[PDB]
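Residue numbers (PDB author numbering): 4 to 125, 127 to 261.
Cβ coordinates follow ideal geometry from the N, Cα and C atoms, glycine included.
Report on the following structure.
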Amino acid sequence: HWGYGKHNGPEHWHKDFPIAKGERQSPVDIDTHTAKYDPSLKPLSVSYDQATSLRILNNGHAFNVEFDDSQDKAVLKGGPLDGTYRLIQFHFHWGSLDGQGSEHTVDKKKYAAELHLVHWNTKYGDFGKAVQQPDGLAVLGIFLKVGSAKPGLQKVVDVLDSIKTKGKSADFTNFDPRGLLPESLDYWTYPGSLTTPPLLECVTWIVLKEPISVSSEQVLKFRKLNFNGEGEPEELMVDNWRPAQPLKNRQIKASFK
Ligand SMILES: CNC(=O)Nc1ccc(S(N)(=O)=O)cc1
Ligand SMILES: [Zn+2]
Numbered sequence: 004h005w006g007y008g009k010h011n012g013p014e015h016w017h018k019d020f021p022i023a024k025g026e027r028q029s030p031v032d033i034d035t036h037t038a039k040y041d042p043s044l045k046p047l048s049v050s051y052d053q054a055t056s057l058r059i060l061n062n063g064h065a066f067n068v069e070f071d072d073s074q075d076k077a078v079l080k081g082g083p084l085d086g087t088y089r090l091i092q093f094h095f096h097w098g099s100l101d102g103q104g105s106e107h108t109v110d111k112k113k114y115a116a117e118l119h120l121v122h123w124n125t127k128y129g130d131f132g133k134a135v136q137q138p139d140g141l142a143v144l145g146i147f148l149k150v151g152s153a154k155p156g157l158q159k160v161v162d163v164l165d166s167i168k169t170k171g172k173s174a175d176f177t178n179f180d181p182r183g184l185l186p187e188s189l190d191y192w193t194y195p196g197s198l199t200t201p202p203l204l205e206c207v208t209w210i211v212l213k214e215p216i217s218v219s220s221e222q223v224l225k226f227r228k229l230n231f232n233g234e235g236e237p238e239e240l241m242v243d244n245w246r247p248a249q250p251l252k253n254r255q256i257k258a259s260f261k
């Protein structure tokens, strides 16, 4: 089964998921000098005040904080998007060392981690249908650098002990994802894919320019998670990131000058 090891990592994925070598794969390097300001891009609208978090799950690849997406409670609109995209889950990708971990890079710079807030287009009715469409998902990507702690992350950090291993979940209600955002909503955007198998080319990527800061202690706790299930040999959940893929026939647009 696919993963992030030497024998099942990103360089192997194409054998089971041939779209890995497709025309709009993610992540990518964001060359800041080549991205073009697009004045026709509208401000992002992040409407999370009514978000209902439910649960946190270690799925063997990352941990997902899941939300109630049966109504328009936490939605992303505007920017490059047509229509309304409902928040279903967020998760992170991170490194074994502070110098790597992000999936997108910025002028080849790797951040310590990257947060993905995953949303699906309500015109397709459910998430499983949305991933089959070229405009099915909108993923809001936020870089993490190590410095000061992010207070709004701590409730996530402190539950990780209870979901150490693959398949474990815990109740995770009343978590406010607004506490994970940076100050500015300036962003880059481009058409891409899921960054894990099945690698479907269904994502409008919206990557914020401003990183959030998290503390060394916070990221160290991410690195205590396990890829393995309970009672299996311990393999630390680290370096669960796909490297940058060829941009091919795509333009990255900037919301800002
Ligand atoms: C239930 N399946 C599911 O959520 N798959 C999924 C979602 C998002 C991403 S990412 N890394 O591109 O944001 C990858 C896989
Ligand atoms: Zn992701």
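Which same chain residues end up closer than 6 angstroms to residue i when comparing Cβ atoms and leaving out the 5 residues on each side of it in sequence?
i, result
"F131", "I91, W123"
"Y194", "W209, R254, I256"
"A258", "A38, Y40, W192"
"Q103", "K113"
"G171", "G233"
"residue 264", "Given that the chain is displayed from residue 4 to residue 261, the structure contains no residue 264 and the question cannot be resolved."
"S173", "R58, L60"
"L189", "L47"
Rounding to the nearest angstrom, what Cα-Cα distance links residue i and residue j in this structure?
i, j, result
"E236", "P21", "30 angstroms"
"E238", "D85", "44 angstroms"
"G12", "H64", "11 angstroms"
"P201", "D175", "26 angstroms"
"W97", "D34", "21 angstroms"
"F66", "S220", "19 angstroms"
"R246", "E106", "6 angstroms"
"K133", "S73", "14 angstroms"
"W5", "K18", "10 angstroms"
"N244", "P138", "25 angstroms"
"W16", "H10", "10 angstroms"
In or out: residue i buried (at least 16 other Cβ within 10 Å) or exposed?
i, result
"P155", "exposed"
"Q136", "exposed"
"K113", "buried"
"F260", "exposed"
"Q28", "buried"
"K225", "buried"
"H94", "buried"
"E26", "exposed"
Could you spell out the range, first to last residue, of the alpha helix (DSSP H) harbouring residue i?
i, result
"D175", "Element bounds for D175: not the alpha helix (DSSP H) but the beta strand (DSSP E), 173-175."
"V31", "Element bounds for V31: n/a, residue is neither H nor E."
"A142", "No alpha helix (DSSP H) holds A142; the beta strand (DSSP E) holding it covers 141-150."
"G129", "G129 -> no alpha helix (DSSP H), and no H or E assigned at all."
"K159", "158-163"
Taking the beta strand (DSSP E) that residue i falls in, what are its first and last residues?
i, result
"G196", "191-196"
"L229", "First-last for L229: undefined, no H or E at that position."
"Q92", "88-97"
"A116", "116-124"
"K80", "78-81"
"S105", "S105 -> no beta strand (DSSP E), and no H or E assigned at all."
"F70", "66-70"
"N61", "56-61"
"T208", "207-212"
Tell me which same chain residues have a C-beta within less than 7 angstroms of the C-beta of residue i, skipping the five on either side of it?
i, result
"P186", "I146, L212, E214, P215, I216"
"residue 262", "No statement about residue 262 is possible, as the shown extent of the chain runs from 4 to 261 and does not include it."
"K45", "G81, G82"
"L157", "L184, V218, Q222"
"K111", "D32"
"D71", "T55, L57"
Using a Cβ-Cβ cutoff of less than 8 angstroms, which residues in the same chain neighbour residue i once the five nearest sequence positions on both sides are dropped?
i, result
"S50", "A77, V78, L79, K80"
"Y88", "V78, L79, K80, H122, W123, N124, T125, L141, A142"
"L240", "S99, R227, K228, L229, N230, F231"
> Listed in chain order, which residues are found with a beta carbon closer than 5 angstroms to a heavy atom of ligand 4?
Replying inline: By its list of ligands, the structure shown excludes ligand 4, since it contains just ligand 1 and ligand 2.
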